[PDB]
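Numbers and lists here come from the model and the stated rules, or from a named source; no laboratory read-out is quoted. Note that each Cβ is placed from the backbone with ideal geometry, even for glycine, and that neighbours are counted across all protein chains shown.
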Amino acid sequence: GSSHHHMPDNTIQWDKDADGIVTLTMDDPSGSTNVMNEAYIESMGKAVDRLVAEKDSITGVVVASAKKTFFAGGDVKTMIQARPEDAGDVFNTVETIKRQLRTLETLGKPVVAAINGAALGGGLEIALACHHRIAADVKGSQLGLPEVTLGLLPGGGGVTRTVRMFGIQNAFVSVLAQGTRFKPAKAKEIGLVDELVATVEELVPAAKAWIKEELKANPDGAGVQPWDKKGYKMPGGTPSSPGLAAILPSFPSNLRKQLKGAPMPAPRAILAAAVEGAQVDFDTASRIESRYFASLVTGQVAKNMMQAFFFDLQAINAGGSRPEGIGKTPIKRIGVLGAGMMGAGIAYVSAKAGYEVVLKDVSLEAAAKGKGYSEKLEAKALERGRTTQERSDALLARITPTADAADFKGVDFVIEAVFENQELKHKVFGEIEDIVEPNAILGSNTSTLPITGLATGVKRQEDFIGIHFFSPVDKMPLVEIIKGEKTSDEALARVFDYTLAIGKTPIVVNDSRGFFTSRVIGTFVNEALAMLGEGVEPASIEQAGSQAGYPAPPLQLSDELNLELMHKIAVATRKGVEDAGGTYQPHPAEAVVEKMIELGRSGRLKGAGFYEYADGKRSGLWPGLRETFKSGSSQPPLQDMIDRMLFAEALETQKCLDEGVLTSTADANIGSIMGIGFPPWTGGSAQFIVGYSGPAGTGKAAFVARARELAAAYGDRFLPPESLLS
Amino acid sequence: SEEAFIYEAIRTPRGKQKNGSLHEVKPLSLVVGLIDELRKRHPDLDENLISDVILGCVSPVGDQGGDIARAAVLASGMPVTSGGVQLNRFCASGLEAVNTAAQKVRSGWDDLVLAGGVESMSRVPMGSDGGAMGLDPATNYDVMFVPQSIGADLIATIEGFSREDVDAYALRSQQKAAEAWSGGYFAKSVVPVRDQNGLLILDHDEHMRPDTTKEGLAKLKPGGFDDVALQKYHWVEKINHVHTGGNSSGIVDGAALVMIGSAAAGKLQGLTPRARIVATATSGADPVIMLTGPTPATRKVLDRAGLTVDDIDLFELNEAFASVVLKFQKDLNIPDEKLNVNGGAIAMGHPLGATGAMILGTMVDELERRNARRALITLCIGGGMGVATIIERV
Amino acid sequence: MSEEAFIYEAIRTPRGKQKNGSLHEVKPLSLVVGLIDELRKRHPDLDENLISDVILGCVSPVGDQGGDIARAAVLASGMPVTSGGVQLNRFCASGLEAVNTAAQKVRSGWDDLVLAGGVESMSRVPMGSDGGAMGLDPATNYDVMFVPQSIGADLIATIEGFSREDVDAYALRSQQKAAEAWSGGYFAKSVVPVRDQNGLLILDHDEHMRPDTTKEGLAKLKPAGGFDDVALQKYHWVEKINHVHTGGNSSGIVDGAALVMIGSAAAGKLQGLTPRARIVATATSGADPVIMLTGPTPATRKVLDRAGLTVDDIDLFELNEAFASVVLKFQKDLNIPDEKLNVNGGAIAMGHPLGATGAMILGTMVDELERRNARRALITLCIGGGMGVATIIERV
Ligand SMILES: Nc1ccc2cc(S(=O)(=O)Nc3ccc4cc(S(=O)(=O)O)cc(O)c4c3)cc(O)c2c1
Ligand SMILES: Nc1ccc2cc(S(=O)(=O)O)cc(O)c2c1
């Protein structure tokens, strides 16, 4: 009937001291972390039932954990399998979970959360059910509700209680909408945590001491949350309040402004559950939250985002592409060649990780201006207060700018960021390859030049490897590791471990012109340029890019990548295949590139492109663009433009998997999202195929029909490869 | 079957928003004064034939809540058998009350009906009733809620209306409203508002600025709604914001009454029919741009009555925004001398619930003055709707 | 009076109770959208562009029910943007008034197909949320002699001489006839169960009913600011008001919505729709606003004079069970037979969703006329402020 329960193993340990304080120690024996699994639901149901039974002999409850992490989310393995027909079970599961927490909450006696480590998602939802939260200010301790980042929403009372605690606007912006994780100090600052302790050993004693003092100082209000008292007033007011009702119609429009119209239903569902929940009582609000939760879990976007940002991202971090058996080799001195934006950013993220960096350029003045990129970055970090002056000085002190090739003495890790000329890169490596250590990694930050050709410029080709970064290096989280033919597996592992060391996500790519990121992002740019040549309005092309979910619209990106760079990229791919006796595959976007080069509008670096630029600031599209390409003469559906750019990247990704360029779909999904900004709601350019949804249906079969639908209308380049076909 | 005739059409002066003369007057008192004026003009009227009172009100809360129509029937001492119903179709609530009244008379089940609206925006501001399109995030995200002002600026951008274009129209409305007042056109219809002691409170449209100059309008000044509008209208790069407080409709208080009945009802009461409701129509357009509803509604009511633009002597569109009227004039190729000939809401104001009934009576008088035959009245509506009515002078 | 108005569909939601009701978590906009999607399921090939207006009754158009909830329903349900959408308020008869206006719009010839109905989520937007001049303005409250409906209902029982056992005997019959109707499956194809965004069931029955009601239980209930003095100042010949009305013999506070599809013969024939009933006549009248609830009797006589009919010509009488004495007075005035009056129960058992009531009891009579294979039915409601509305339908 209406129970605390939904074979499994016990997860909670029971302990009632002489004062009547029961200590519920969550300790899942089937893993290293407490997770809202079927074992927890049964274990918490047993403990809560015993709390109701022994209520006459219990004076307080303390919820603690025996793991290094308090409690980190739920069984994502289970929620990703929830089909639309399983919405009833999903609803009953979260209703049972919140029924247990609601009983623990309304127990008539204080309950304190002893947060020892990370309390994330469902874990923070357990602490929020308690009346008092004490956190241990320790390393790596995080608190937050990152449900939205998996296409879900806080369904275990997270949305209902954070709204009751901070109001609609504060709870949405600060905690719910972006799933922000907080350190224990910041968690106490915003109200998520009530007080802090230095070590984990003081937690449980302080929790029982607070219960001892709360019963003595507040006998009436003990074990009663603020929203359960008489005369509770929600901060900021309810939607019926005259103040909130004036600004409330601007919340969904602002959210659509942030999402840029991208089909992400999770933030919208959070704002709906937050507002609709504030209009009714707590229990009814909680049931509304359950229905929106079951709506997302059974939806396809959540399955895409759960696949990418939970399973795929863990499979990468677990060394899925790291060679087996290879051990760890420390990195003592990093030598960066070139002090451009790339080389300076490389030198920053390396020194930020604690490495000693020797930033070499042609001149001491150039190498000094490169270190200034880290100084102006530490300036903003010290201004907004993200780091201390103590460690900001130690960070810059690890960067040693130089112009002498002898200062690469003792370097066991070389990253090159000079301009992309083959003979140039061969000269730069030749004058340092004998100064550095004999086991030094020789890395290149090329974006198109094949690694096997660059490897001939050194004698230790087995240690030559491609280390492709993305600007700005201080913010872009992906590193494309390219494996040449001679690149050993040890060099692959050391660069793999280096990428994780600087706090970035690696993908391993076999050598091929264009690699994976540059090759796939070309199809995205080329589809837009095609559409412009076909006569589509330039504003519609940019809108189609933003509404697809991309961070930057394509024509705007086509100005940062420079059309002269795009021109010689197409000339190089043509010349290479032509020398092999074949017939190059020309793309219709090439005609639009050459037309813009002729008009003297080659991109942002020139100062004029598809947009007009003033004092280095973009200021609207070029008015002569419409007359040049007869804009308005072709008016296809916006969803066709959106699908033309998404499918182009999705089909090119499938080619890279067929050609062995990628070795795992996890590298393709994370590599597309974090490398070239593929929309996160898709779950990646590889997940988009199996997770496609439209009028043709859902799944790989619908993607194929829609690909053939686009192929008939816009060209056979949208024909699905043989692997996708049954 | 039956034919609907307008026997009377009066209205109150429109009191401005800031320091308005009608701010102290309850909206119920505005309607009761117009009811007493109808008794003054026809003391022989057997009010037992008045079968319903249909009032339009956009914010039916507070002073305007609890079926203000029924309150007006009881408070004014009308027979208890005279019904009383409040409706709401946003800006065209006044004209919808008239249309419904005419439709009830045509149905043969109603003999004599009072219709009109009331809106005391200084006491009950717009949006006070709440709403699901705005306050519910699940549906605000779906219907792409955008304020009417942005949809008006979007129209000016798409149609190529400059800042001088919308301001030149705003100057025209100010001049034609002053010309109509100084010409005594509004003498019979504008019923001055008085207190319980008979002392004068307001006898003119306070929102009018007849000393407006083109230079003064150019010195006027125009939360993510622009991005929401451009997400649907993806071919337009940027919205040119041209509308200011001088080229948009004013926020004013007021009320209007229209006595509609069958021929038999008017003959039995000795009433002289002034105009005949020829046809009405309700249509709509995209709710993001919102204010493009009048064009299909006007087109629909013209085909229903078997009439064309050439057969209409006077066009009366509510001047919610200057671009909405210029867009309407551009679409149907309306002559300049036929469009809002006595000024509009830009000069005199826009009392939401009562505007449809105000411009309706404004055309009844102007049809009799010019001795013209037909007039078409239409309004743009929030949510993308549109209402149009064709009257013929009898 | 040219075009004939026909009822093609008449559906409603189950009526969820006020205290811990199943529908308290459902927004009233969602209740209306649910009925729109049901009409789409029953007629998938219906060209919705023919639908020219959506008229919804709503007595408290505030909060969730403000901002033209009909237009919100048109936009949210994805109906054609040219389908209008207007909210009207005529107190308790707003639901029937929307149907009457929809039928009158069809008769005028300027509208072809109209959705009419009402919605009232009283557990979310309680009565009086809109304020009101007759109540909250002292100059008007003093003049109109404002008295709540319940006191006027007690006054009717005092004047006509209905005892506490009289009003409770009717309440028992309403609970019994409503339970018999549900058990017989009379409401099977008309009550559309409410579901959430996941398809999970929320409510599929009128949960305000108490089918185990007894005469003994009703007699134990207690009856429900000087309003008694105000009513007797006008009815000066009455000494003291006998308060006989309790929560058992009065209408219930419930949430719910109803939808009726009304159109011309050309509109239904073009869409392949089968007309279920025809609007014969409507009428609006009223009586004293202090007793308030004597409005149905003149409105019923007026609609019978307009259609050229008498009491004997009507097969089923359906009056909203606002209060038991109101129905007993209406039965006493016109000599209504017992076996013709509220044969499937009424608001005492199933509830009174203010904006949706008129459209609900209308759809009840369209179904009962077909089941009994009868011809005519007369639907009427008492209204606050002393008004009345009646309508006569005929099975086609
Ligand atoms: N000791 C630790 C403990 C946890 C660590 C997690 C990450 S992670 O952010 O990469 N993984 C994620 C990703 C999504 C999550 C969603 C939810 S949910 O509840 O919203 O479903 C809950 C989670 O815990 C999630 C964790 C990184 C670490 O270093 C960690 C270290
Ligand atoms: N014009 C109509 C319409 C409906 C009718 C129904 C019946 S019945 O309910 O006895 O079957 C009898 C009639 O004569 C009817 C005549």
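Quick look at the values:
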| read-out | value |
| --- | --- |
| Candidate set from the stretch C:280-334 (those that are surrounded by fewer than 24 Cβ atoms within 10 Å (Cβ to Cβ) and of a type in the set (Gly, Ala, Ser)); member that is nearest to ligand 1 (Cβ to nearest atom) | C:287 |
| Residue pairs meeting the criteria (Cβ under 6 Å; at least 6 apart or on separate chains; first within 11 Å of ligand 2 (Cβ to nearest atom), in the stretch C:348-376; second in a loop (DSSP other than H, G, I, E, B)) | C:374/C:315; C:375/C:315; C:376/C:314; C:376/C:315 |
| Residue that is farthest from residue A:620 (Cα to Cα) [pool: residues in the stretch B:212-226 that are at the interface with chain A (Cβ under 9 Å from one of its Cβ atoms) and surrounded by fewer than 18 Cβ atoms within 10 Å (Cβ to Cβ)] | B:223 |
| Count of the stretch A:488-505 residues which are among the β-branched types (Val, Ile, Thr) and more than 17 Å from residue A:328 (Cα to Cα) | 1 |
| Helices (runs of 4 or more DSSP H) wholly inside the stretch A:94-196 containing at least 1 residues that are surrounded by fewer than 19 Cβ atoms within 10 Å (Cβ to Cβ) and among the small types (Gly, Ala, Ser) | A:184-190 |
| Given (1) in contact with a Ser or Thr (Cβ under 9 Å, 6 or more places away or on another chain); (2) assigned to a helix (DSSP H, G or I); (3) more than 16 Å from ligand 1 (Cβ to nearest atom); (4) not polar (S, T, N, Q), index of the condition residue A:343 fails | (1) |
| Residue in the stretch A:311-329 that is within 19 Å of residue A:410 (Cβ to Cβ) and surrounded by fewer than 21 Cβ atoms within 10 Å (Cβ to Cβ) present | yes |
| Failed item in (1) in a loop (DSSP other than H, G, I, E, B); (2) closer than 22 Å to residue A:321 by Cα; (3) touching a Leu at 6+ places or on another chain (Cβ under 8 Å), with residue A:654 passing the rest | (1) |
| Residue list for the stretch A:602-618, restricted to those being surrounded by fewer than 16 Cβ atoms within 10 Å (Cβ to Cβ) and either in a helix (DSSP H, G or I) or under 30 Å from the mean Cα position of the chain (by Cα) (or both) | A:605, A:616, A:617, A:618 |
| Residue C:2 being over 20 Å from the mean Cα position of the chain (by Cα), among the hydroxyl-bearing types (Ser, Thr, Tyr) and surrounded by 20 or more Cβ atoms within 10 Å (Cβ to Cβ) | no |
| Some residue of the stretch C:262-277 being within 16 Å of ligand 2 (Cβ to nearest atom), surrounded by fewer than 22 Cβ atoms within 10 Å (Cβ to Cβ) and either among the aliphatic types (A, V, I, L, M) or closer than 18 Å to residue C:167 by Cβ (or both) | yes |
| Selection status of residue A:103, more than 14 Å from residue A:193 (Cβ to Cβ) and away from ligand 1 (no atom under 13 Å from the Cβ) | yes |
| Number of the condition not met by residue B:224 [criteria: (1) among the small types (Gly, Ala, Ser); (2) touching a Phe, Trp or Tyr at 6+ places or on another chain (Cβ under 6 Å); (3) under 29 Å from residue B:58 (Cα atoms)] | (2) |
| The stretch A:114-166, subset at positive phi and within 8 Å of ligand 1 (Cβ to nearest atom), residue nearest to the chain's Cα centre (by Cα) | A:121 |
| Subset of the stretch A:226-263 that is more than 7 Å from chain B (Cβ to nearest Cβ) and polar (S, T, N, Q) - its residue that is nearest to residue A:639 (Cα to Cα) | A:258 |
| Residues located in the stretch A:62-88, provided they are near ligand 1 (Cβ under 10 Å from one of its atoms) and either assigned to a helix (DSSP H, G or I) or within 14 Å of another protein chain (Cβ to nearest Cβ) (or both) | A:76, A:79 |
| Hits in the stretch B:199-217 - residues which are touching a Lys or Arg at 6+ places or on another chain (Cβ under 7 Å) and more than 19 Å from residue B:249 (Cβ to Cβ) | B:200, B:201 |
| Sole exception among (1) small (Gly, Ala, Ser); (2) at positive phi; (3) surrounded by fewer than 17 Cβ atoms within 10 Å (Cβ to Cβ) for residue A:677, by number | (3) |
| Filter result (away from every other protein chain (no Cβ under 13 Å) and either surrounded by fewer than 18 Cβ atoms within 10 Å (Cβ to Cβ) or among the acidic types (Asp, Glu) (or both)) within the stretch B:150-163 | B:153, B:159, B:160, B:162 |
| Single residue of the stretch A:539-553 satisfying the filter (at the interface with chain B (Cβ under 8 Å from one of its Cβ atoms) and of a type outside the set (S, T, N, Q)) that is surrounded by the most Cβ atoms within 10 Å (Cβ to Cβ) | A:544 |
| Residue, farthest from residue C:87 (Cα to Cα), within the stretch B:85-114, restricted to residues that are more than 7 Å from chain C (Cβ to nearest Cβ), part of a loop (DSSP other than H, G, I, E, B) and over 20 Å from the mean Cα position of the chain (by Cα) | B:111 |
| Filter result for the condition that a residue is surrounded by fewer than 21 Cβ atoms within 10 Å (Cβ to Cβ), within 30 Å of the chain's Cα centre (by Cα) and not hydroxyl-bearing (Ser, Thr, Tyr), over A:263, A:242, A:235, A:226 | A:263 |
| Residue in the stretch A:204-216 that is in contact with a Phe, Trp or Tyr (Cβ under 7 Å, 6 or more places away or on another chain) and either farther than 29 Å from residue A:66 by Cβ or of a type in the set (A, V, I, L, M) (or both) present | no |
| Complete set of residues in the stretch A:6-31 that are polar (S, T, N, Q) and over 10 Å from residue A:61 (Cα atoms) | A:10, A:11, A:13, A:25, A:30 |
| Any hit, the stretch C:305-327, residues being among the charged types (D, E, K, R), closer than 20 Å to residue C:150 by Cβ and more than 16 Å from ligand 2 (Cβ to nearest atom) | yes |
| Filtered residues of the stretch B:122-137 (kept if surrounded by fewer than 22 Cβ atoms within 10 Å (Cβ to Cβ) and either at the interface with another protein chain (Cβ under 7 Å from one of its Cβ atoms) or closer than 27 Å to residue A:292 by Cβ (or both)) | B:127 |
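Here's the yes/no breakdown for (1) part of a loop (DSSP other than H, G, I, E, B); (2) closer than 30 Å to residue C:142 by Cβ; (3) of a type in the set (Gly, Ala, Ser); (4) assigned by CATH to the domain that holds residue C:97:
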residue: C:288; (1), (2), (3), (4): yes, yes, no, no
residue: C:293; (1), (2), (3), (4): yes, yes, no, no
residue: C:301; (1), (2), (3), (4): no, no, no, no
residue: C:327; (1), (2), (3), (4): no, no, no, no
residue: C:331; (1), (2), (3), (4): no, no, no, no
residue: C:343; (1), (2), (3), (4): yes, no, no, no
